[PDB]
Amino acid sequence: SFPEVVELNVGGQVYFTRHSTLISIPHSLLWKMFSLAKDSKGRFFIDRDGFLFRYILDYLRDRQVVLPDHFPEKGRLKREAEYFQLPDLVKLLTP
């Protein structure tokens, strides 16, 4: 069984989230993953960009994502959204 609070390591960046948040969107990558690669400290490892994952996590939490003003990695985040299989997030970052 998975714990209520899941400790993650996304390409070096440590993130904490509820197990419910990870499996919130069915047929997505994280849902497939948590419905495993582990680091030296036992944290679940995701081989992706750690900085962009906070905007992925925010989308999983609210199903909408607010980005900082003058955000230069809109296209890079769209790629991350594609990887985690979040089509509604890809659709938000596309225009």
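Counting begins at 1, following the sequence as shown.
S.K.: Gap size between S35 and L36, counting deposited residues with no coordinates: none, 1 to 3, 4 to 9, or 10 or more?
M.R.: In the record, 4 to 9 residues between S35 and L36 lack coordinates.
S.K.: Taking the mean of the C-alpha B-factors per stretch from the entry, tell me the winner out of 66-74 and 26-34.
M.R.: Mean B over CA atoms: larger for 66-74.
S.K.: Pull the Cα B-factor of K41 out of the PDB entry and bin it into the chain's lowest, middle or highest third.
M.R.: Highest third of the chain for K41's C-alpha B-factor.
S.K.: Thinking about Cα B factors across the chain, which third does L93 belong to?
M.R.: CA B-factor rank for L93: highest third.
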